[PDB]
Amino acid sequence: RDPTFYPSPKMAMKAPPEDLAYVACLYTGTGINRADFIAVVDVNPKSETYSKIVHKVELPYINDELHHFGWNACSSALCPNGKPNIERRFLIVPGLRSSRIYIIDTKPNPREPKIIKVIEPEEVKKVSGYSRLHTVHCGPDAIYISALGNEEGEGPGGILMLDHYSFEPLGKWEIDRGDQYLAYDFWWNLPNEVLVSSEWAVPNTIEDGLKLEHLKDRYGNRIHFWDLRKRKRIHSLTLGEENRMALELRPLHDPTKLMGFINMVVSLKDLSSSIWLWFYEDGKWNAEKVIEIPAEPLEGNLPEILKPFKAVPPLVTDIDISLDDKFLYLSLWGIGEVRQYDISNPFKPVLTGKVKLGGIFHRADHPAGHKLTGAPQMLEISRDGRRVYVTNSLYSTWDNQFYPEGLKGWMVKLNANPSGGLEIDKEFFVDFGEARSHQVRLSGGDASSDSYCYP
């Protein structure tokens, strides 16, 4: 058995720390004519190449727009229906713009992964009928990948599957989608057989940037609940009539818990961000707002898109939960923060940590001296829950609207306190030059790469 497969959250937490951090990096949107790439960062303090990019898996094409990626297999393989002879070996890297899928082998040398197979954009579109690939999740039965829209850039968007052995596209996952049309992220509670999916907007809406006039009719605010087995949409809930952009879905790691969180990026009423708790109770799926962060008034130094409001929206774009289900971390891509919320009681989160990094509001530089463009966006937590990695790019054209001076990628490390507390690690820092950084995957698995079948 693969030593990185963990039956449960508890077992995952007690496993050896991560030695490396794979980071999705891009030149898409920077004006630089170079391919996007996967950066290999040495993340072991005892290593002589600690906090250094030790290798770059440079891609064969330009403008893929790397964003989110995942493993071919993970802890879910230990599930009753988990397929035989699969190992956590390949990084499945899709192009959010190109729809291309790279299969990158991390063996036998994890420090120097190699592209061993490419699924071209037209094969992906031909088989699944979807384009603009986003989230990748390793399931017991197959590899699942969400897509923003249909082959024309409109909708419905959805989830496609890739074969565990050939890595070839199988097709659409949906058998009965009800009235689901928009998509973005998705995840599941495997033993309870339910899949949840969110909503951003279709490709033709988001690719050229955020158009405030599009918000009301072109962005979504619903979470969809599906029967994982029958591949059927069974229910949906609206997360505030006035909220838009239902992004990141995070079920609690303990599979006996039928709940999780999701972030609503912006309110059409006051530009606030809100975190919602979805949960099953009294034979029904429910959803309640548990966290709300208001915009911060500011008169000058505002980007064009924000000038009219004289405020900085928090723009909570990513969330992640520690393996013990004790902490909820949020990034505020607008204001410039990473927060830690104690969710011992999911219904009543308590702020226990906050750091300032970049941001239109804080413009906070790194304690070591580094100038930080952009703000915290994607986050990733070590399995032991003590380290939080942070990158700063959201999307090529959106970066350019909120940080018009030119967003340059970095990766920051935060030291999280198991009993409450968040600090910026002064020593650790990766500056990606003119390239921008997005999702991070830690060798051996992390807090958003694996789902478990045992409590």
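The first residue of the sequence shown is number 1, and the count goes up from there.
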Do the CA atoms of 345 to 353 or those of 197 to 205 have the higher mean B-factor in the entry?
345 to 353
Mean Cα B-factor check, 135 to 143 vs 363 to 371, entry values; winner is 363 to 371
Of 224, 250, 229, 177, which one's C-alpha B factor is largest in the deposited record?
229
When the entry's CA B-factors for 311, 381, 101, 319 are compared, the highest one belongs to 311
For the chain shown, is the CA B-factor of residue 273 in the lowest, middle or highest third of its modelled residues?
middle
Looking at the C-alpha B-factor of residue 150, is it in the lowest, middle or highest third of its chain?
middle
By the recorded C-alpha temperature factor, relative to the other modelled residues in its chain, which third is residue 415 in?
highest
Could you place residue 121 in the lowest, middle or highest third of its chain by Cα temperature factor, using the values in the record?
lowest
For residue 67, return the chain-relative third of its C-alpha B-factor as stated in the PDB record: lowest, middle or highest.
lowest
